[PDB]
Amino acid sequence: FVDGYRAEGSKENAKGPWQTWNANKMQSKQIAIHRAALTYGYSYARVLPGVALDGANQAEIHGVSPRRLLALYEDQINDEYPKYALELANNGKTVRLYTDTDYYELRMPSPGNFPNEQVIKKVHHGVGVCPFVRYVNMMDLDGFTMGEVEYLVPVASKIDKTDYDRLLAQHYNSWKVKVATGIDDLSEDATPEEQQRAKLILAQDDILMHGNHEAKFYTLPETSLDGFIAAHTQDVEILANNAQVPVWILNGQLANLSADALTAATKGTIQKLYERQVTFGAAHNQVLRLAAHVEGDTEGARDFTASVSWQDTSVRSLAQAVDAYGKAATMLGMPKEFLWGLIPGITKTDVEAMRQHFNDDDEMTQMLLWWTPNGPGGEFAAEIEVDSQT
Amino acid sequence: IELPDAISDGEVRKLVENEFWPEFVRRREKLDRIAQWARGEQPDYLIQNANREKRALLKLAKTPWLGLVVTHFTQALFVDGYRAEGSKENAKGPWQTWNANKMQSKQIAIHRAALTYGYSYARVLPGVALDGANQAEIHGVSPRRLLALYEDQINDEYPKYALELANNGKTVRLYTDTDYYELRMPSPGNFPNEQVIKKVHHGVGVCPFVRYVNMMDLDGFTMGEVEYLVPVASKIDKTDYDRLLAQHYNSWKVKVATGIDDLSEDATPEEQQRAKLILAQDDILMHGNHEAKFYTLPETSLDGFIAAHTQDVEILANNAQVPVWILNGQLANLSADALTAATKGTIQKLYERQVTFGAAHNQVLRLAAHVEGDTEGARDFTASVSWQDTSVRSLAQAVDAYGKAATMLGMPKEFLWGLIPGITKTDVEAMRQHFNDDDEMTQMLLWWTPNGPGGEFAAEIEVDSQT
Amino acid sequence: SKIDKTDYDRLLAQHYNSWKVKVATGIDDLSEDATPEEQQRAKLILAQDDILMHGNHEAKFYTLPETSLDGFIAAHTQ
Amino acid sequence: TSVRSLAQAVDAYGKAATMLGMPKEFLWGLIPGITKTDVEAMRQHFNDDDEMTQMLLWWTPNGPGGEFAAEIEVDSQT
């Protein structure tokens, strides 16, 4: 999750690209963009000029799945924005090609025909280079961009195969089959598969018996159905370890781990998520730089050091984090203003609300600010003291 | 191959086509093979090419393990800030180039390539900035698309002659000392002489290539982290394949019968295979022959294979200096000392990798400063990059220990701010910029006491009462 | 070298004899028109539903126990 | 190359500095995660004229101390 746009040397989000982020409802589309980037391998974000509600300049930012986009790069490793990109609309009616400074539009009446009778629409909006930003899953020095679903296809297939084998064992041979030998056959008037409802009563009280001393009753042992569960557990823990995902959220139950043990267990997942955060933050910074550029705003385009801020993904309990942060503020002397946003359950909106109303003239804030364990303090406790002295 | 003293100004292609291209292809095939090995598809020592089912099972058992180790190693390496000797603030020189070139996202790829292949390459070339100033363009080149020649492999810093292949497969460039040779690659394996060779005199001095060697060895023999553990990964995959073969072919009690007649159903010529013999819990099998016998075939217990795979994967984890719990099993309720002991080997290996990659990054920054003049950066041979802490210590323990150290040992608290997990150099800079602001928020939060705000705010009420 | 030898012994045990080998006795031989190693793709269907049966009361089906594969791990750990 | 955790080493070294009176300058290089470069950086910038170092040097649990806390006291007394 992305919250706030912290520029270098400023603790408050700028009123530039962050305004575009809030206006475009990116808080709900970033989840989809990240999911598509993690699944397919490289998401695409389209930023185009547009008019605001009041008539000002508002950059319209939308995400396009790779299934409906084809971006061409002359330098796949490092090209920033593409050169020529073909975009397919989700309604399957219009096909658009994005060149450097023109907006080509075509028609898609049927899947596989491009009649020339239609008039090609060319729109000169003006964005400079092709307005497409690639959200690469993992950064590699030789291309080969891949998602997080393709890299673990064989292990998931193995898990499903183990489950299928267990189901086959449980459905076909899982009960002691009762068989009999030595008795006659072709009975019931040489049954031609007629009147299948024999309804042979067999209960606890019923005792089977036959008029032949040569009749033998055997039983067939069934599969123990124990190795399959262990094999599936091993396969699923292999899946969890290979994907850097905690095991307890995949199989089994977490033990009574301490803080250090839990940090060790989640360190790999935390590091992988931090790498994903870094690459997605670079992509978001590029998107915001393009969005600022399309509406002039040379300050945003020039600033190459501003980066987005991400919510903490730690697996630390509230009490431990709060007490440690309080000790740090009291002894190491860290600024408490920044520390407010680090406690779990508090977002940037809560921090802004605290900052806006912290020294209000109402009795509530004054009472709650100068609070002592033995009653309210400050001027409220000074008034009674001065009255007594007087 | 031979090292030519001359640069072959008029006959560069003649030397390339008969000395560099064959060696480049010979290295490229091995690098491509090892790259394919890294991203799954482990080397199959035994493969059955006659049975489709066996081949499918073997392919289904190709669990990627070395790639996971490489990703884990490369995700814990990060460079933040360029701390010069005697200065707590990053210099506005090479760090500006680092920030401008978006190296924060390319360092991960560079480290991954160095850990996989064995030796990454970084290309730094002169360029123009956005405002028109001098900005050094730094890019990383994979060994699959580069061939660097060293007259002294152990210690040569920058190479002498290097052949670079562009990722589009259209241009082939050779990097000499002070010229930029450019050729064309229309087809994979032809170098027509009709094309005009482009020579560009940019001016960088020595060949602008820095090698990111994985491990430092005194006799060359540079190798990656994926090649050194090929046999153990192959053994793990073989064990998984054996387990799959046991589970897929013989894992259920096979029901067999003897003594009954044969060639029934009108001497079945494999016709009407849908016999649909009803067999359920209620159904009781019976045959009209007292000589009929029903036997059962025991199946594989399927217990040794899991233990063998666990042993193989823990061997993999121990041999690669990677924690076992992130590979197999679950970590116990270890204390601080036990966890430090468990992670000591991984921490030490990552520290060695940090040292070598920091040396490479320092060389890269020195070259980047040199290409834009900046004699101060080139002369400074003591400045080194700073790396994020990779400790496995919990936040509460680290914070309380650091606070105790600051309060008793008297360490500077300014440096200690960047050591708590979850705080980066940007957060430290933000704290430094806004720590004594004139707004009421910072003043209230700075002179804070457990019994309400202190400082001048608590002094005003006291002086009012006294007055 | 001893560790590698133990690992090699474990691999030999796991690769050659690690499954219950199903064998049959008493049935005829030289079948399938006296097979001269021709048409190796017999494709004898054998699944959970399938039940083997032969037209001879003298046919016996035996199983061969496999290596427990437990001592090798302990030896390698030691 | 010790295998001691950071908290234990730090608290023991602090107790030693406070009671046995060992020189704290040498003790800075013994905590894990701090090298000689960090010690040199601390030594170079420990008494800088900027407000940051002055605030962080005379720090008390109930707010900044030293001359910063003396200015308000002398203003109140005046």
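Of the candidates D:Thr53, D:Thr1, D:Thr78, D:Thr37, the single residue that is of a type in the set (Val, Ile, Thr) and closer than 30 Å to B:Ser335 by Cβ is D:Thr1.
Look through the range B:261-282, keep the residues that are of a type outside the set (A, V, I, L, M, F, W, C) and facing another protein chain (nearest Cβ under 8 Å), and return whichever of them is farthest from A:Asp184 (Cα to Cα).
Here is the first cut: in the range B:261-282, the ones of a type outside the set (A, V, I, L, M, F, W, C) are B:261-262, B:264-266, B:268-274, B:276, B:281-282.
From what's left, facing another protein chain (nearest Cβ under 8 Å): B:261-262, B:281-282.
On the way: B:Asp261: 15, B:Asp262: 18, B:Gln281: 22, B:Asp282: 20 Å.
The qualifying residue farthest from A:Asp184 (Cα to Cα) is B:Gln281.
Return only the number of the condition from (1) facing chain B (nearest Cβ under 9 Å); (2) surrounded by fewer than 17 Cβ atoms within 10 Å (Cβ to Cβ); (3) part of a loop (DSSP other than H, G, I, E, B) that A:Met138 does not satisfy. Condition (2) is where A:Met138 drops out.
Please determine, by comparing only the residues of the range A:51-61 that are in contact (Cβ under 8 Å) with a residue 12 or more places away in the chain and not hydrophobic (A, V, I, L, M, F, W, C), which one is surrounded by the most Cβ atoms within 10 Å (Cβ to Cβ). Step through it out loud before you land on a result.
Initially, the range A:51-61 is screened for residues in contact (Cβ under 8 Å) with a residue 12 or more places away in the chain, giving A:52, A:57-61.
Going one step further and asking which of them are not hydrophobic (A, V, I, L, M, F, W, C), we end up with A:57-58, A:60.
Working: A:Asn57: 13, A:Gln58: 19, A:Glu60: 16.
Only one residue fits best here, namely A:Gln58.
For the range B:92-114, the candidate set comprises residues that are away from chain A (no Cβ under 11 Å) and in contact with a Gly (Cβ under 8 Å, 6 or more places away or on another chain); within that set, the residue that is surrounded by the most Cβ atoms within 10 Å (Cβ to Cβ) is B:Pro94. Within the range A:153-178, residues that are within 10 Å of A:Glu222 (Cβ to Cβ) reach partners that are in a helix (DSSP H, G or I) with beta carbons closer than 7 Å, at six or more positions or on different chains, in the pairs A:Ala169/A:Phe228. Here B:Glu372, B:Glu376, B:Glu460, B:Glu414 are screened, and the one residue that is farther than 17 Å from A:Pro335 by Cβ, acidic (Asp, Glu) and at the interface with chain D (Cβ under 10 Å from one of its Cβ atoms) is B:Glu460.
Conditions tested, residue by residue: (1) in contact with a strand residue (DSSP E or B) (Cβ under 9 Å, 6 or more places away or on another chain); (2) of a type in the set (A, V, I, L, M, F, W, C); (3) more than 19 Å from A:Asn24 (Cβ to Cβ); (4) facing chain B (nearest Cβ under 8 Å).
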{"position": "A:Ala306", "(1), (2), (3), (4)": "yes, yes, no, no"}
{"position": "A:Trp310", "(1), (2), (3), (4)": "yes, yes, no, no"}
{"position": "A:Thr313", "(1), (2), (3), (4)": "no, no, yes, no"}
{"position": "A:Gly333", "(1), (2), (3), (4)": "yes, no, yes, yes"}
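For residues that are of a type in the set (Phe, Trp, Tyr) and either at the interface with chain A (Cβ under 7 Å from one of its Cβ atoms) or over 26 Å from B:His202 (Cβ atoms) (or both), tally how many sit in the range B:115-127. Of the residues in the range B:115-127, 1 are of a type in the set (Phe, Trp, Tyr) and either at the interface with chain A (Cβ under 7 Å from one of its Cβ atoms) or over 26 Å from B:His202 (Cβ atoms) (or both).
One residue stands out in the range A:216-242 among those that are among the small types (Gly, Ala, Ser) and more than 8 Å from every other protein chain (Cβ to nearest Cβ): the one that is farthest from the chain's Cα centre (by Cα), namely A:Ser224.
If you check B:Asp438 against the conditions, is it under 27 Å from D:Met19 (Cα atoms) and more than 28 Å from the chain's Cα centre (by Cα)? Let's see the steps before the verdict.
Values: under 27 Å from D:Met19 (Cα atoms): no; more than 28 Å from the chain's Cα centre (by Cα): yes.
No, not satisfied.
Scanning the range C:9-67 for residues that are basic (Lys, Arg) and under 24 Å from B:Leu285 (Cα atoms) returns C:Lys22, C:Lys60.
Within the range C:24-49, if we keep just the residues that are surrounded by 10 or more Cβ atoms within 10 Å (Cβ to Cβ) and of a type in the set (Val, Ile, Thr), the residue that is farthest from C:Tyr62 (Cα to Cα) turns out to be C:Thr35. Residue check: is A:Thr365 surrounded by fewer than 15 Cβ atoms within 10 Å (Cβ to Cβ), under 30 Å from B:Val399 (Cα atoms) and not hydrophobic (A, V, I, L, M, F, W, C)? Considered against the rule, which asks whether it is surrounded by fewer than 15 Cβ atoms within 10 Å (Cβ to Cβ), under 30 Å from B:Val399 (Cα atoms) and not hydrophobic (A, V, I, L, M, F, W, C), A:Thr365 comes out as no. With respect to the conditions (1) touching a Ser or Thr at 6+ places or on another chain (Cβ under 9 Å); (2) in a strand (DSSP E or B); (3) farther than 28 Å from B:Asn167 by Cβ, A:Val133 lacks only one, and its number is (3). Looking only at residues in the range B:287-300 that are facing chain A (nearest Cβ under 8 Å) and crowded, with 17+ Cβ neighbours inside 10 Å, the one that is farthest from C:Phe61 (Cα to Cα) is B:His287. Residues in the range B:393-400 include none that are surrounded by fewer than 21 Cβ atoms within 10 Å (Cβ to Cβ) and more than 7 Å from every other protein chain (Cβ to nearest Cβ). For the range A:310-339, the set of residues classified as aliphatic (A, V, I, L, M) and not in a helix (DSSP H, G or I) consists of A:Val315, A:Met334, listed by residue number. Within the range D:35-50, residues that are closer than 12 Å to D:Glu25 by Cβ and more than 9 Å from chain B (Cβ to nearest Cβ) have Cβ atoms under 6 Å from residues that are hydrophobic (A, V, I, L, M, F, W, C) and in a helix (DSSP H, G or I) in these pairs: D:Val39/D:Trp28, counting only partners at least 6 apart in sequence or on another chain. Output the qualifying pairs, or none if there are none: Cβ atoms under 6 angstrom, residues six or more apart or on different chains, first residue in the range D:1-26 and facing chain B (nearest Cβ under 7 Å), second residue among the basic types (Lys, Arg) and surrounded by fewer than 17 Cβ atoms within 10 Å (Cβ to Cβ). Close Cβ pairs (under 6 Å, with a partner that is among the basic types (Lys, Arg) and surrounded by fewer than 17 Cβ atoms within 10 Å (Cβ to Cβ)) amount to D:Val3/B:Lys344.
Would the range B:77-85 turn up any residue that is basic (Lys, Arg), in contact with a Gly (Cβ under 8 Å, 6 or more places away or on another chain) and within 19 Å of B:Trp387 (Cβ to Cβ)? No, the conditions are met nowhere in the range B:77-85. Selection of the range B:375-392 for residues being buried (at least 18 other Cβ atoms within 10 Å of the Cβ) and of a type in the set (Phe, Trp, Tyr) yields only B:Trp387.
All Cβ positions, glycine included, derive from the backbone under ideal geometry; neighbour counts span all protein chains shown. All of the numbers you see were taken from the coordinates with simple rules; none came from a lab.
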